[PDB]
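> Would you be able to build a 3D model of this:
(2 chains)
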Amino acid sequence: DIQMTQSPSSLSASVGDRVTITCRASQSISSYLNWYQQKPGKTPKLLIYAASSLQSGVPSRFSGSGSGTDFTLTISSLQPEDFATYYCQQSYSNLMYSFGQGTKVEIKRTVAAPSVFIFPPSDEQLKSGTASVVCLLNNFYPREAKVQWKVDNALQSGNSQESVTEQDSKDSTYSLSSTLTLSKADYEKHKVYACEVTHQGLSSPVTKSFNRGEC
Amino acid sequence: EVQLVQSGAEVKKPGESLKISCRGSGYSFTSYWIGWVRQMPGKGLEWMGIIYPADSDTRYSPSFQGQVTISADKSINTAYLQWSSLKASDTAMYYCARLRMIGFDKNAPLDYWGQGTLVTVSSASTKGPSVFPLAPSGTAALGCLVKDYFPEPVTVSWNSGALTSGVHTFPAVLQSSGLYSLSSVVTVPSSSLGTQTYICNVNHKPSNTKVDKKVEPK
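Numbering: from 1, shown residues only, chains lettered A, B, ... in the order given. Pasting the structure now:
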């Protein structure tokens, strides 16, 4: 009966920056709003309760303000340990507590173009009737990137899946792996397999390709 | 100080029942409400319900009423969350958490959290991975494709742990077949390809699978 809307889905900032995250309620919740921090795979951690009260042991660079429907969480000077996802949560409802959908705070660094590598399917995999073609985008920033598979210059769609690493704790980059999956029969019907990569660090897209059967 | 510790990862089939647990210590277990929270893959937090362990007074979120049962055994400081008939859509991480509330409201944040229980619900069955090479060809890249396994997790190392710099082991993807697949890559000096051996070590405990795969230029 009370919907929470968190405003920036994602925030890019550097160590030392001031960060403000916003949380709006569809109904008045007085000051009954709490903030939690969660890192990937880890358990959530209480930071602020009752809109502005700092949980014991939380550093004083965290603060919160607001009453009614509009609330903010502020980090006055980001530290490396502060990059995480943040959730607000209203405790005013007597029907259901609810959470905002989260704001990810990630590390802003200089733009870095990906290094691109393409891998043909192995002979061993082909023997079993399927071909997996893999394209690697290594150590780039920011995380937004586009992979376009082409098979004899036909754009492929719906037959690939991709995965992205969490931001690297040392150089703050991301890496991405994309797999194109074809039947052996389809794979042996075509010649040129291409991975075309678009990223804001590249003035124009980079394509890595191979010809089936060529060393 | 205060601690909530939850039971381990679960892998089930649709239609099966399941009960997971949350053990409290370091405080009066019957003096605080315990809440349960759901986090499906890649999504945020949802509140499911609460129980007061002294008398097993419960409140459920409307979305979860009649879909789960929350209970407690106060004699062993443990709360439980149960399904009678699981669905694949119940696949999620489940947290228990202590409500720091005296009386009714006055505040009520969740101040201590369990470490979470992973629940996987799928019609898929246990299967070990096939490991295929990502053969190389300044800086070259190589790796291993760990394909068609169930359930999570798989662990990958390189040269038995001696090679760590430049390794990226990617999150697995769930294929439409119901089986997982992941890749693990490493970048190395092009000069090393002729002389340095590169072997990925893949372990999948649910299937009792151990694989060592040497990867080299073709």
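
> contacts and neighbour counts: CA atoms only from here.
Will do.

> Tell me if stretch B:203-217 is near chain A.
No - counting by Cα under 8 Å from any Cα of the partner chain, no contacts exist between stretch B:203-217 and chain A, the nearest distance being 10.0 Å.

> Now do that stretch: everything it contacts.
Contacting residues not belonging to stretch B:203-217 are listed as B:126-129, B:131-137, B:142-144, B:150-151, B:153-156, B:193, B:197-202 [Cα atoms under 8 Å, 6 or more residues apart in numbering or on different chains].

> Can you tell me which of these are buried?
With neighbours counted by 16 or more other Cα atoms under 10 Å in any protein chain shown, the contacts of stretch B:203-217 contain buried members at B:127-129, B:131-136, B:142-144, B:150-151, B:154, B:156, B:193, B:198-202.

> Chain A next: which of the contacts of stretch B:203-217 are close?
Restricting these to contacts with chain A (Cα under 8 Å from any Cα) yields B:132, B:133, B:134, B:135, B:136.

> Tell me the spacing between the first one and residue A:170.
Using Cα to Cα, to the nearest Å, residue B:132 is found at 29 Å from residue A:170.

> hang on, the earlier thing: so which of the buried ones among the contacts of stretch B:203-217 are in strands?
B:131, B:132, B:133, B:134, B:142, B:143, B:144, B:156, B:199, B:200, B:201, B:202 (DSSP state E).

> Just confirm the last one contacts residue B:156, I think it does.
I take that to be residue B:202. Yes - using Cα atoms under 8 Å, residue B:202 makes contact with residue B:156 at a distance of 4.7 Å.

> residues in contact with residue A:49?
Contacts for residue A:49 (Cα under 8 Å, 6+ apart) come out as A:32, A:33, A:34, A:35, A:55, B:107, B:109.

> didn't residue A:125 look like it was pressed against residue A:131?
Yes - A contact is recorded between residue A:125 and residue A:131 when judged using Cα under 8 Å, the distance being 6.5 Å.

> If you count surrounding residues, which of these two has more?
Set side by side, residue A:125 and residue A:131 show unequal neighbour counts under other Cα atoms under 10 Å in any protein chain shown, the larger going to residue A:131 at 24 against 17.

> Work out for me the element the more buried one sits within.
Take DSSP states H and E as the rule and residue A:131 turns out to sit in strand A:130-140.

> For that strand, which helices and strands make contact with it?
Packed against strand A:130-140 by the contact rule (3 or more Cα pairs under 8 Å, 6 or more residues apart in numbering or on different chains; DSSP states H and E) you find strand A:115-119, strand A:174-183, helix A:184-189.

> what about the nearest residue to residue A:209 once chain neighbours are set aside, distance to chain B?
The shortest distance from residue A:209 to any non-neighbouring residue, by Cα to Cα, 6 or more residues apart in numbering or on different chains, is to residue A:194 (4.1 Å). As defined by Cα to the nearest Cα, to the nearest Å, residue A:194 lies at a distance of 15 Å from chain B.

> C-terminal to the host helix or strand of residue A:194, which secondary structure element comes first?
Take DSSP H and E as the rule and residue A:194 turns out to sit in strand A:192-198. Beyond strand A:192-198 on the C-terminal side, the first helix or strand identified by DSSP H and E is strand A:206-211.

> Which elements pack onto that next one?
For strand A:206-211, the packing partners by 3+ Cα pairs under 8 Å, 6+ apart come out as strand A:115-119, strand A:192-198.

> can I get the ones you listed in JSON lines with mean neighbour count?
Formatted as JSON lines, the entries for the helices and strands packed on strand A:206-211 read as follows, by neighbours: other Cα atoms under 10 Å in any protein chain shown:
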{"stretch": "strand A:115-119", "mean neighbour count": "21"}
{"stretch": "strand A:192-198", "mean neighbour count": "20"}
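
> so which of these comes closest to residue B:58?
Each of the helices and strands packed on strand A:206-211 was checked against residue B:58 via Cα to Cα, and the shortest separation belongs to strand A:192-198, namely 52.4 Å.

> who does that closest one pair up with?
Taking DSSP bridges as the criterion, strand A:192-198 pairs within the sheet with strand A:146-151 (antiparallel), strand A:206-211 (antiparallel).

> buried residues in the last one?
Residues of strand A:206-211 classed as buried: A:206, A:207, A:209 (neighbour count, 16+ other Cα under 10 Å).

> Could you do the first one as well?
Of the residues in strand A:146-151, those buried by neighbour count under the rule 16+ other Cα under 10 Å are A:147, A:148, A:149, A:150.

> Can I get that strand in CSV? Just the C-alpha atoms.
Only the C-alpha atoms of strand A:146-151 are listed here, as CSV (Å, rounded to 0.1, in the frame of the first residue of the first chain):
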residue,chain,number,x,y,z
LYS,A,146,27.2,-3.8,-27.2
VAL,A,147,28.1,-7.1,-28.8
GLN,A,148,26.8,-7.9,-32.3
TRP,A,149,27.3,-11.4,-33.7
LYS,A,150,27.5,-11.7,-37.5
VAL,A,151,27.5,-14.9,-39.5
